[PDB]
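Have a look at the structure below, then the notes.
No value in this document is a laboratory result; all are computed from the given coordinates. All Cβ positions, even for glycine, are placed from backbone atoms using ideal geometry, and neighbour counts span all protein chains on display.
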There are 2 protein chains.
Amino acid sequence: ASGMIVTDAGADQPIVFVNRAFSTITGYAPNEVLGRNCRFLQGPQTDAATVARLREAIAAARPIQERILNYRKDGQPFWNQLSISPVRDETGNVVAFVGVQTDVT
Amino acid sequence: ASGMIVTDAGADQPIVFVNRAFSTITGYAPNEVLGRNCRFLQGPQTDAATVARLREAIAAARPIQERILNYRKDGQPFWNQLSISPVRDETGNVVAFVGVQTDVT
Ligand SMILES: Cc1cc2nc3c(=O)[nH]c(=O)nc-3n(C[C@H](O)[C@H](O)[C@H](O)COP(=O)(O)O)c2cc1C
Ligand SMILES: Cc1cc2nc3c(=O)[nH]c(=O)nc-3n(C[C@H](O)[C@H](O)[C@H](O)COP(=O)(O)O)c2cc1C
């Protein structure tokens, strides 16, 4: 099952909702992640270039897909097939971002 | 600000998250809508053909936009500029739906 994260659009994109599969994949409970930027999932072997591409896409509110190395709460690495998209209203304002995670280890 | 509703994908698409502006627009608090299908927003003058189009799009996981008559908690009608999209994983599985409202009354 794939994880889902919803973040606010502004102000460094704090998490506002996660589904159950997010906890299955990452080992974090909702309480442990709400209000935080998702970058706590990264760690020392995460590819910096990939991170850069995410950062640039989010700042532009452009959809992006990447395979990124992430880490469970306990420190166990896993490969995340990650897809992020803005949620826009019909005037084009970005209301949120949604990300989908699949553990492809 | 535009409302946002996230639902599960299956069964009857129960609401799992709403943003602040959903409460502004509709008068409902999160605790009174979570776990319900969004159709409680409809009422006597809602156009049945519009509802039917939403029903078929959700069943097929197709994006759709409609201007639909909805009702606030206090019973006041409002025009909801509604857009719905599925959230998919990279294999195409539907993870959730996202709806965006704008009160265009
Ligand atoms: C909706 C959404 C979901 C995200 N999911 C993840 C994720 O699962 N794993 C991850 O490493 N980064 C994820 N990110 C990316 C980070 O939050 C962050 O944007 C990225 O590391 C680049 O920014 P930075 O250089 O400021 O950290 C997500 C971002 C958003 C907006
Ligand atoms: C994510 C999402 C958001 C929705 N938002 C609304 C809404 O704001 N107003 C509305 O009248 N129906 C909304 N709907 C549609 C109803 O939940 C329902 O699908 C529609 O009435 C058709 O199905 P029915 O004939 O079984 O009621 C939403 C559905 C989804 C999945």
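In table form, for the structure just shown:
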{"item": "Residue satisfying all of: in the range B:77-105; over 18 Å from A:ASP89 (Cα atoms) and touching a residue at least 40 places away in the same chain (Cβ under 8 Å); nearest to ligand 1 (Cβ to nearest atom) among these", "result": "B:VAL95"}
{"item": "Some residue of the range B:12-33 being among the aromatic types (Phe, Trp, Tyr), within 11 Å of chain A (Cβ to nearest Cβ), within 26 Å of A:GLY35 (Cβ to Cβ) and free of Cβ contacts under 8 Å to residues at least 40 places away in the same chain", "result": "yes"}
{"item": "Residue in the range B:57-64 that is surrounded by 14 or more Cβ atoms within 10 Å (Cβ to Cβ) and part of a helix (DSSP H, G or I) present", "result": "yes"}
{"item": "Answer from A:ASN19, A:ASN93 - the residue that is over 14 Å from the mean Cα position of the chain (by Cα) and either surrounded by 15 or more Cβ atoms within 10 Å (Cβ to Cβ) or over 30 Å from B:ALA1 (Cβ atoms) (or both)", "result": "A:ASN93"}
{"item": "Residue satisfying all of: in the range A:1-11; of a type in the set (A, V, I, L, M, F, W, C) and more than 16 Å from ligand 2 (Cβ to nearest atom); nearest to the other protein chains (Cβ to nearest Cβ) among these", "result": "A:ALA1"}
{"item": "Among the residues listed as B:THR50, B:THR46, the single one being part of a loop (DSSP other than H, G, I, E, B) and either within 11 Å of chain A (Cβ to nearest Cβ) or within 9 Å of ligand 2 (Cβ to nearest atom) (or both)", "result": "B:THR46"}
{"item": "Candidate set: the range A:32-48, residues that are among the aliphatic types (A, V, I, L, M) and surrounded by 14 or more Cβ atoms within 10 Å (Cβ to Cβ); chosen: the one farthest from A:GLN81 (Cα to Cα)", "result": "A:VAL33"}
{"item": "Total residues in the range A:88-105, condition part of a loop (DSSP other than H, G, I, E, B) and among the acidic types (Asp, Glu)", "result": "2"}
{"item": "So B:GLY99, is it within 11 Å of chain A (Cβ to nearest Cβ) and in contact with a strand residue (DSSP E or B) (Cβ under 9 Å, 6 or more places away or on another chain)", "result": "yes"}
{"item": "Cβ pairs under 7 Å, 6+ apart, first in the range B:34-61 and of a type outside the set (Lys, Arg), second part of a helix (DSSP H, G or I)", "result": "B:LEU41/B:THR26; B:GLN42/B:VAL51"}
{"item": "Residues of the range A:7-34 classified as more than 9 Å from ligand 1 (Cβ to nearest atom) and part of a helix (DSSP H, G or I), total", "result": "8"}
{"item": "The range A:9-25, subset of a type outside the set (A, V, I, L, M) and in contact with a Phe, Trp or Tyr (Cβ under 8 Å, 6 or more places away or on another chain), residue nearest to A:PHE97 (Cα to Cα)", "result": "A:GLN13"}
